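To keep things clear, I will list the structure first and then write my remarks on it.
Each answer follows from the model by the rule given with it, or from the source it names; these are not laboratory values. So basically every Cβ, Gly included, is an ideal-geometry build from the backbone, and we count neighbours across all protein chains shown.
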Amino acid sequence: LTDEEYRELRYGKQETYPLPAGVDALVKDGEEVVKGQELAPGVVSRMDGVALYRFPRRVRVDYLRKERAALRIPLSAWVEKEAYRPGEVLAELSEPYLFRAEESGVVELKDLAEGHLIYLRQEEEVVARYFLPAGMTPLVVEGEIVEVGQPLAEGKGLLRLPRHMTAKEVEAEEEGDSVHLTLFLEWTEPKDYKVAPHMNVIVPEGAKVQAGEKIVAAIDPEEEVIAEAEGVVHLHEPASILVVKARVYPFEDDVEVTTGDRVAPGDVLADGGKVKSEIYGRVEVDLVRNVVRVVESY
């Protein structure tokens, strides 16, 4: 009777897989993994089970951005839709076009991947918010004083939503030659945070967070990491991953089981008889990922 073989029968199959510093995993914190599957460029799992992160070093936060801007283009070149998708063609310009300033003031240029966003400011007041999709290259620069009628950008061929931008609730009022579109833009803007062991990631993978919300804790304040604004947390670069032979069943509401209990194929776990197990084994009610995992038996 091996000191080890005992733990496998009683508590279950477990294996740790180390990761070379600065390397990122090819799986999420509690993703279902199969025998042979790459858990990271160098590492490869030897069993089916659940991959769990051991002390991650990088926490990425996909911050949500939303701005409302306007665009002026030739009615004939427009590709009328009530919502656009990333990379989506917004219009087809036959000949070069000059999106001209309909307000005056100082410009603020904000790169948005293959696209741009312009703000016309007059003193302490944002007087305008212009959207100019990829293809329409800006003609002005951050800090330039611009006047009404002055061309701000220029499009030559097709106009597309930045690969990562989305536009919905498009309100387009027609006007003779051109068209005036005001769009509600939404795109993700990520930021990365480095976690030194003496730090505790309070939030799990996939968590939605709000401004002010504490993401990472530590005995020192300037060390703490607080969300700039609404977003979605992501864990990256775990020093290692522990695979556990077990299945995982997430639930929307109420758990009908307790950590420690044994289970069999059929046995209900949560959401009324909606969530049933498929295997025999131990139970662990993870309420950090709002899921119930069942460690295989045999």
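Consider residue 107 carefully, then state whether it is aliphatic (A, V, I, L, M), assigned by CATH to the domain that holds residue 140 and not in a helix (DSSP H, G or I). Walk me through it before giving the result.
Numbers: aliphatic (A, V, I, L, M): yes; assigned by CATH to the domain that holds residue 140: yes; not in a helix (DSSP H, G or I): yes.
Answer is yes for this residue.
Which residue, of 134, 113, is under 18 Å from residue 93 (Cα atoms) and not assigned by CATH to the domain that holds residue 63? Full working, then the answer.
Working: 113 fails: under 18 Å from residue 93 (Cα atoms).
Within the list 134, 113, the selection yields 134.
Looking at region 217-242, which of the residues that are out of contact with any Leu (no Cβ under 9 Å at 6 or more places or on another chain) and part of a strand (DSSP E or B) is surrounded by the most Cβ atoms within 10 Å (Cβ to Cβ)?
Quick first cut of region 217-242, residues out of contact with any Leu (no Cβ under 9 Å at 6 or more places or on another chain) only: 217-228, 233-236.
Now restrict to residues that are part of a strand (DSSP E or B): 217, 225-226, 233-236.
Numbers: 217: 14, 225: 19, 226: 12, 233: 22, 234: 18, 235: 24, 236: 19.
For region 217-242, the residue satisfying everything is 235.
Please determine, by comparing only the residues of region 39-62 that are in contact with a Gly (Cβ under 8 Å, 6 or more places away or on another chain) and within 30 Å of residue 160 (Cβ to Cβ), which one is surrounded by the fewest Cβ atoms within 10 Å (Cβ to Cβ).
Ranking the candidates gives 62 first.
Go through (1) surrounded by 15 or more Cβ atoms within 10 Å (Cβ to Cβ); (2) over 20 Å from residue 65 (Cα atoms) one by one and return the number of the condition residue 88 breaks.
So the condition that residue 88 fails would be (2).
Here are some conditions: (1) under 28 Å from the mean Cα position of the chain (by Cα); (2) more than 28 Å from residue 37 (Cα to Cα). Residue 194 meets all but one. Which one does it not meet?
Unmet condition: (2).
Of all residues being over 25 Å from residue 202 (Cβ atoms) and in contact (Cβ under 8 Å) with a residue 60 or more places away in the chain in region 243-296, which is surrounded by the fewest Cβ atoms within 10 Å (Cβ to Cβ)? Just the residue, please.
Among those residues, the one meeting the criterion is 296.
What number of residues in region 141-189 are closer than 20 Å to residue 95 by Cα and among the aliphatic types (A, V, I, L, M)?
Total satisfying the criteria: 7.
Any chance region 182-201 includes a residue that's assigned to a loop (DSSP other than H, G, I, E, B), out of contact with any strand residue (DSSP E or B) (no Cβ under 7 Å at 6 or more places or on another chain), at negative phi and among the small types (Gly, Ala, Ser)?
yes
Which of the residues that make up region 164-181 are within 24 Å of the chain's Cα centre (by Cα) and either exposed (fewer than 15 other Cβ atoms within 10 Å of the Cβ) or part of a strand (DSSP E or B) (or both)?
165, 166, 167, 168, 169, 170
When you scan region 110-131, do you find a residue that is hydrophobic (A, V, I, L, M, F, W, C), more than 23 Å from residue 187 (Cα to Cα) and assigned to a strand (DSSP E or B), even just one?
no
When region 6-38 is examined, which residues are found to be charged (D, E, K, R) and surrounded by 12 or more Cβ atoms within 10 Å (Cβ to Cβ)?
Result: 7, 8, 13, 15, 24, 28, 29, 31, 32, 35, 38.
Could you list all residues from region 260-298 that are within 30 Å of residue 19 (Cα to Cα) and either assigned to a loop (DSSP other than H, G, I, E, B) or among the aromatic types (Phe, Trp, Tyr) (or both)?
Across region 260-298, the qualifying residues are 287, 288, 289, 290, 297, 298.
In region 63-74, which residues are within 20 Å of the chain's Cα centre (by Cα) and either surrounded by fewer than 15 Cβ atoms within 10 Å (Cβ to Cβ) or not charged (D, E, K, R) (or both)?
63, 64, 66
Somewhere in region 49-64, is a residue more than 26 Å from residue 119 (Cβ to Cβ), without any contact (Cβ under 8 Å) to a residue 40 or more places away in the chain and either touching a strand residue (DSSP E or B) at 6+ places or on another chain (Cβ under 8 Å) or in a loop (DSSP other than H, G, I, E, B) (or both)?
No - not one qualifying residue is present in region 49-64.
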